[PDB]
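K.L.:
My questions will all concern the structure given below.
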Amino acid sequence: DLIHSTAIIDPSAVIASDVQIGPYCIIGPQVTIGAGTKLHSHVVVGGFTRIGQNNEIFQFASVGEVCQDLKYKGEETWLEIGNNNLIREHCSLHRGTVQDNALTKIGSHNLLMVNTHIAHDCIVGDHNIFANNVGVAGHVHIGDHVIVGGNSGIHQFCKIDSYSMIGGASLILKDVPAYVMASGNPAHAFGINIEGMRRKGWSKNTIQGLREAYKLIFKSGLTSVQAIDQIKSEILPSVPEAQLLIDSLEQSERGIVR
Amino acid sequence: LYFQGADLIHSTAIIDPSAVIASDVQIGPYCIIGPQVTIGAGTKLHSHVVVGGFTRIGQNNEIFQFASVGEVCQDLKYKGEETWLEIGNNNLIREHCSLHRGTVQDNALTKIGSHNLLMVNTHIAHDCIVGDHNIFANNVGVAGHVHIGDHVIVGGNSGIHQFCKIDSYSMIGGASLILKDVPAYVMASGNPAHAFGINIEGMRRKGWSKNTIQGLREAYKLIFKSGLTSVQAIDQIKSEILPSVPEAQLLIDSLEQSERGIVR
Amino acid sequence: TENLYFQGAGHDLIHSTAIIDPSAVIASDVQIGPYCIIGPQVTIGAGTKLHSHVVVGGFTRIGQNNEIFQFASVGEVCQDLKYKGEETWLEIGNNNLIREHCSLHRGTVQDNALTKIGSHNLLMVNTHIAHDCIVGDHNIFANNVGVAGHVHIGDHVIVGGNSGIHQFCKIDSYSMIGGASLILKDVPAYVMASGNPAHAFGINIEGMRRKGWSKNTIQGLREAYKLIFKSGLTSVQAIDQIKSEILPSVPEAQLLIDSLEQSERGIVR
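Protein chains in written order, with the numbering used here: chain A, 1 to 258; chain B, 1001 to 1264; chain C, 2001 to 2269.
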């Protein structure tokens, strides 16, 4: 009785032996669910979805449904979810498009609060928190240890790098570099995520170097190239953590928040 | 002798005996179809769709899981009256949307046309009238008695105040709050929203003539950038633009039909 | 009995497909629609109606004459990462309207292990009430309102659609929060707050008149507002000038004093 008799499971589904599936769930074709995962009642896994281990998915979540992209033409595309994620009521996680790489991917140890939307072709890393009503549009790439405040929306193709923090009710139109606190509509940069650094017990020398690099990037009238060069020469040798900020600038395709 | 000649309606769907469902309609597991519902040919309901009652759904629609379609409205004045929701053809209604029936205080009718996309968690309140070829992005809230035209786009997490008229080819930016009427062709954005010109880019990509586009830009300037009253702007558009750019009539309509005033 | 042209296509108060924990305590006339799930330690009072597809997770007390619509998740474990499976509760009073896709979460032991909602509230589609909120009576939450943890809401509050309220904020009685707002600080009684983030825009005059309040009462509240927000005065001095010049003739001004005294995040300005 781990799988409720009222769950409707496509004959193609592959479900690990200790998986719990609650009443009235629907599991579509080509779905795999790994060990220790628990679905509550009333979960829909649309199709073509790989779910890892020890996940927990709550009622009224729509997981692995076809994307909202109007270019979509029925092509085979996928959603992947890693391990130890919490996916709350009324989330919507959509599959990829052929125009990108036919894949939406979420990593491990993520919290997706009520009504989190992960659009087609997002790539999301580990240990992220998406608060209530957060919308992540198509092709957005999110790193690790990011917090996205409630009722925020992220423009398609943005890159949201590790340890960043997005304030409640933000409209993110540009890339958010590593460690950066970005907030508002439209969102701008507000400093380094200091509290998050000290909450992970980060050193005085690290935080100070990252504060200096922030200043060089956002407040010193320097171009991206000039800022990177000054970080490399003055900060990176003793603060290797500064590399994540260099990466953000070098990988930015929409420009960065200001 | 008695063969079907065609699985389509899942056996777990609970369908009111008064419901009329076209023979090729697909209805997924655990759907609820209330009384006085009609569903047209080629329509597909996924699992877990609730159609509350008194709802007419047209042809070739697709309604996704956890949509609440044709439920009683949230107006505290509503007292259980048997009002209606009408949906046209070829609409895509995504997960968690909510479309509510009308009130007797207006015309007992919420109506949406055809070829619309309602993205995840689109809310259409009682007494809304929505046209064709519109796009509502995620988490859009359209309040009571709002009238939306054709070819409109409403960006994510936006809300539209009761009674506003959002005319054809307009665009509402993401994370916006619309408090007044948005005229035809107008880009409105912000909280509270202001007007930011004509959607030139759309028009160009759509192959509208350079003359049409220039005429609408000029009409916009008269309405928004010239210090003219509504009536003075209208009269100048009629005399100088309307003769070569009949498309400018939609802007005249917007100003003449406005009841809340226009977003500026 | 028609033996010729009958349709022959067919009710119980509780649908056969509802799955109800045996520990549930359900009043005689309660209606529960198809496919509902009622978890352990749930009580539901007389006159209450659940539509189809309602989940009541557990450890929830629901009063009389409530109406809960499809896809509502009621009394589910909260989203606080601090929560570790402890016994915590949700209480709902009477005559509430809980619309589609609402989510109401139980408390945490870090507070008082209880989320509480009163009576005669309207929670429109996708209203989220986080762990440990306390909500009073006659409130209206418009579509897509997200109320974060430990928020205290009084009575007769209106929260506009697509708004958010930050954890620990106190939203006092008769206040009004505009559409698309983000509340970061406490909102005093009778105050109109609007914006992302929200700021104060005077007394909720229209709301008062709508409850039949006198012009003398209204003018007094406006004077008190002027003292708190516009008279270059400190919190303490404003309270004193209200106590000596307004509170005599306008006893309703006490709510505003309460707001200032009980504020822990500071007030919206």
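By construction, the Cβ of each residue, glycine as well, lies at the ideal position given by its N, Cα and C atoms.
In the DSSP assignment, the beta strand (DSSP E) including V63/A goes from what residue to what residue?
P.N.:
That run of the beta strand (DSSP E) goes 62–65.
K.L.:
Could you work out which residues of chain B lie near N151/A, taking near to mean beta carbons separated by less than 9 Å?
P.N.:
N1139, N1157, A1175, listed in chain order.
K.L.:
Chain B partners of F60/A, CB-CB under 7 Å?
P.N.:
Going along chain B in sequence order, the residues near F60/A (Cβ under 7 Å) are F1066.
K.L.:
Would DSSP call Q1026/B helix, strand or coil?
P.N.:
It is a strand residue.
K.L.:
If you drop the 5 nearest sequence neighbours on each side, which residues of the same chain put their C-beta closer than 7 Å to that of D1106/B?
P.N.:
These residues qualify, in order along the chain: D1127, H1145.
K.L.:
Can you find the residues in the same chain that come closer than 6 Å, C-beta to C-beta, to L1216/B, ignoring five residues on each side of it along the sequence?
P.N.:
Here the set comprises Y1185, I1198.
K.L.:
Should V2125/C be flagged as near chain B, meaning a C-beta pair shorter than 8 Å?
P.N.:
Chain B, which has a Cβ nearer than 8 Å to the Cβ of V2125/C, makes this yes.
K.L.:
Examine chain C for any beta-carbon lying closer than 8 Å to the beta-carbon of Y1002/B, and answer yes or no.
P.N.:
Not closer than 8 Å to any Cβ of chain C, the Cβ of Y1002/B fails to qualify, so no.
K.L.:
Does residue 263/A get closer than 8 Å to chain B when you measure Cβ to Cβ?
P.N.:
With chain A represented from 1 up to 258, any question about residue 263/A goes unanswered, as that position is not in the structure.
K.L.:
Should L1076/B be flagged as near chain C, meaning a C-beta pair shorter than 8 Å?
P.N.:
Yes, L1076/B lies at the interface with chain C (some Cβ there is under 8 Å from its Cβ).
K.L.:
Taking all protein chains shown into account, decide if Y1002/B is buried (16 or more other Cβ within 10 angstroms of its Cβ) or exposed.
P.N.:
When all chains shown are included, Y1002/B counts as exposed.
K.L.:
If you reduce the DSSP assignment to three classes, tell me which class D2240/C lands in.
P.N.:
Three-state DSSP puts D2240/C in a helix.
K.L.:
Just verifying my parser: in three-state terms, what is the DSSP assignment at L2184/C?
P.N.:
Of the three classes helix, strand and coil, the one that applies to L2184/C here is coil, per DSSP.
K.L.:
Does chain B have any CB closer than 8 Å to the CB of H139/A?
P.N.:
No - not a single Cβ of chain B is within 8 Å of the one on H139/A.
K.L.:
DSSP three-state label for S2163/C, please.
P.N.:
DSSP places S2163/C in coil when its eight states are reduced to three.
K.L.:
According to DSSP, what are the bridge partners of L2050/C?
P.N.:
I2032/C, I2068/C.
K.L.:
Could you tell me the alpha carbon to alpha carbon distance between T1212/B and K1238/B, rounded to whole angstroms?
P.N.:
Their backbone Cα atoms lie some 15 Å apart in a straight line.
K.L.:
Would you mind telling me which residues of chain A sit closer than 7 Å to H2120/C, beta carbon to beta carbon, in chain order?
P.N.:
Chain A residues near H2120/C: none, gap ~24 Å exceeds 7 Å.
K.L.:
Per DSSP, what are the beta-bridge partners of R50/A in this structure?
P.N.:
Beta-bridge pairing links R50/A to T32/A, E80/A.
K.L.:
Pick helix, strand or coil for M1171/B, following the three-state DSSP scheme.
P.N.:
In the structure shown, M1171/B sits in a strand (DSSP, three-state: E or B).
K.L.:
Can you find at least 3 beta carbon pairs, one from the region 2099–2110 of chain C and one from the region 2072–2088 of chain C, that sit closer than 8 Å?
P.N.:
The region 2099–2110 of chain C, when compared against the region 2072–2088 of chain C, does touch it at the 8 Å Cβ threshold.
K.L.:
Put residue 2288/C into one of helix, strand or coil per three-state DSSP.
P.N.:
Residue 2288/C lies beyond the residue range present for chain C, which begins at 2001 and ends at 2269; the question has no answer from this structure.
K.L.:
My assumption, with CB atoms under 8 Å, is that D1167/B sits in contact with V1182/B. Please give the rounded CB distance.
P.N.:
Indeed, because the Cβ distance is near 6 Å, the residues count as touching under 8 Å.
K.L.:
Within a Cβ cutoff of 6 Å, which residues of the same chain sit near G2161/C, ignoring the five residues on either side of it in sequence?
P.N.:
Cβ within range, chain order: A2142, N2143, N2144, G2179.
K.L.:
Closest by CA to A13/A, which one among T32/A, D1/A, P23/A, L2/A?
P.N.:
Checked all of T32/A, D1/A, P23/A, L2/A; the closest Cα to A13/A is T32/A.
K.L.:
Label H2011/C either buried or exposed according to how many other C-beta atoms from any shown protein chain fall within 10 Å of its C-beta, with 16 as the threshold for buried.
P.N.:
Exposed, by the Cβ-count rule.
K.L.:
Using a C-beta to C-beta distance shorter than 7 Å, which residues of chain A count as neighbours of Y1030/B?
P.N.:
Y24, listed in chain order.
K.L.:
Any Cβ of chain C within less than 8 Å of the Cβ of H1126/B?
P.N.:
For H1126/B, the answer is no, since every Cβ of chain C falls outside 8 Å of its Cβ.
K.L.:
When we look at the beta-carbon of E250/A and count the other beta-carbons within 10 Å, is it buried (16 or more) or exposed?
P.N.:
Exposed, because fewer than 16 other Cβ atoms sit within 10 Å of the Cβ of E250/A.
K.L.:
Which term fits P2022/C, buried or exposed, when burial requires 16 or more other beta carbons within 10 angstroms of its beta carbon?
P.N.:
When all chains shown are included, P2022/C counts as exposed.
K.L.:
Quick check on this structure: which residue in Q2167/C, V2135/C, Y2083/C, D2080/C has the alpha carbon closest to the alpha carbon of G2093/C?
P.N.:
The residue with the shortest Cα to Cα distance from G2093/C is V2135/C.
K.L.:
Please name the residue, chosen from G2063/C, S2231/C, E2206/C, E2067/C, that lies closest to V2125/C on a Cα-to-Cα basis.
P.N.:
Comparing Cα-Cα distances from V2125/C to each of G2063/C, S2231/C, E2206/C, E2067/C, the minimum goes to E2067/C.
K.L.:
Which of helix, strand or coil does DSSP assign to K2082/C?
P.N.:
In the structure shown, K2082/C sits in coil (DSSP, three-state: anything other than H, G, I, E or B).
K.L.:
Does DSSP put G1141/B in a helix, a strand or coil?
P.N.:
Of the three classes helix, strand and coil, the one that applies to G1141/B here is strand, per DSSP.
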